[PDB]
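> Sequence and experimental coordinates follow.
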Amino acid sequence: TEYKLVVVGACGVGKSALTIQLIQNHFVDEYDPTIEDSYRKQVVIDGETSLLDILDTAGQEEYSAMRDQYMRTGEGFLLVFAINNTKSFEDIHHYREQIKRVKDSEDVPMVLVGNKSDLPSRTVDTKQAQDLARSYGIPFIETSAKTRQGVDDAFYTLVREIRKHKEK
Ligand SMILES: *CCC(=O)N1CCN(c2ncnc3c2CCN(c2cccc4ccccc24)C3)CC1
Ligand SMILES: Nc1nc2c(ncn2[C@@H]2O[C@H](COP(=O)(O)OP(=O)(O)O)[C@@H](O)[C@H]2O)c(=O)[nH]1
Ligand SMILES: [Mg+2]
């Protein structure tokens, strides 16, 4: 079984750091913000062997037909914000609308991810994030790519959302 996961969110939120923690169990201080790529990882989730194909989105904000085509192949999306960046939380609505646009569905597996949970400099309340995820009908997972808190949970939870969708 294979799962096409897409990691979206504003520059600097930790998309690349989360991806490399999942794949390689290492925290990257610097990952070129211009590198958009997909990584495959074989994992066992609830006793099911699966291949996770994880697209780490990057580069420039642009909307070619081709870009839509890449993004539309995603079966589930991590909507990543950073808890120290109010703007990245405000941008979650944009990512949610672009997913709704390219998938032509209100029923798309997503997980809201609050990254950089290790930082003291919080500007986005857990309450707000939980309220937003409740309004969207999706899980919320707090993560730190730095300490690896919540990383397996964020990705495995998205897989479980895809399975629940495939049952419908
Ligand atoms: C700092 C560099 C970086 O990580 N990025 C992330 C992606 N960027 C971005 N900013 C705003 N909106 C979008 C993007 C990436 C492309 N996005 C996009 C385009 C077409 C279709 C879809 C579908 C679902 C989600 C996103 C989509 C919009 C800035 C650079
Ligand atoms: N403290 C802390 N720093 C992080 C975390 N995740 C990413 N970073 C750092 O934040 C910066 C941006 O991370 P990156 O993964 O490139 O974000 P992207 O632009 O969304 O791919 C990098 O210097 C990372 O090391 C985190 O959970 N905690
Ligand atoms: Mg990146």
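Ah, there it is. Numbering: from 1, shown residues only. Ligands and ions are numbered 1, 2, ... in the order given.

> what comes into contact with stretch 39-48?
Outside stretch 39-48, the residues that touch it by Cβ atoms under 8 Å, 6 or more residues apart in numbering are 1, 19, 22-23, 49-54, 56, 156, 159-160. From N, CA and C alone the C-beta is placed, and that goes for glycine too.

> again but with stretch 124-133, I slipped
81-86, 89, 92, 112, 114, 139-140, 142.

> again, 6 Å this time
83, 89, 112, 114, 140 (Cβ atoms under 6 Å, 6 or more residues apart in numbering).

> can you give me the strands in the chain?
2-8, 37-45, 48-56, 76-82, 110-115, 140-142 (DSSP state E).

> among these, which is nearest ligand 2?
strand 110-115 (4.9 Å; Cβ to the nearest ligand atom).

> ok, the closest one near ligand 3 or not?
No: remark: strand 110-115 sits outside contact range of ligand 3, by Cβ under 5 Å from the ion, the gap being at least 11.8 Å.

> what's the spacing between residue 126 and ligand 1?
When distance is defined by Cβ to the nearest ligand atom, to the nearest Å, residue 126 is 24 Å away from ligand 1.

> of the contacts of stretch 124-133, closest to residue 106?
Taking Cβ to Cβ as the measure, residue 106 lies nearest residue 112 of the contacts of stretch 124-133, at 16.1 Å.

> What's the local residue count around the closest one?
Each residue near residue 112 was counted by other Cβ atoms under 10 Å, and the total is 26.

> do residue 144 as well
21.

> Could you pull up the contacting residues of it?
117-118.

> Also residue 121?
Here residue 121 is in contact with residue 84 (Cβ under 6 Å, 6+ apart).

> wait, doesn't residue 116 sit right on residue 80?
No: using Cβ atoms under 6 Å, residue 116 makes no contact with residue 80, being 9.8 Å away.

> Skipping its backbone neighbours, what lies nearest the residue in the chain that ligand 3 sits nearest to in space?
Proximity to ligand 3, evaluated over the chain using Cβ to the ion, is greatest for residue 16 at 3.2 Å. Here the nearest residue to residue 16 in space, its sequence neighbours aside, is residue 31; by Cβ to Cβ, 6 or more residues apart in numbering that works out to 3.7 Å.

> What segments of the protein are helices?
15-24, 65-72, 86-90, 92-103, 126-136, 151-167 (DSSP state H).

> would JSON lines of the ones you listed with mean neighbour count and distance to residue 120 be doable?
JSON lines is the format used below for the helices of the chain (neighbours: other Cβ atoms under 10 Å; distance: least, Cβ to Cβ, whole Å):
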{"stretch": "helix 15-24", "mean neighbour count": "22", "distance to residue 120": "18"}
{"stretch": "helix 65-72", "mean neighbour count": "13", "distance to residue 120": "34"}
{"stretch": "helix 86-90", "mean neighbour count": "17", "distance to residue 120": "16"}
{"stretch": "helix 92-103", "mean neighbour count": "16", "distance to residue 120": "22"}
{"stretch": "helix 126-136", "mean neighbour count": "14", "distance to residue 120": "14"}
{"stretch": "helix 151-167", "mean neighbour count": "18", "distance to residue 120": "20"}
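
> Much appreciated, bye for now.
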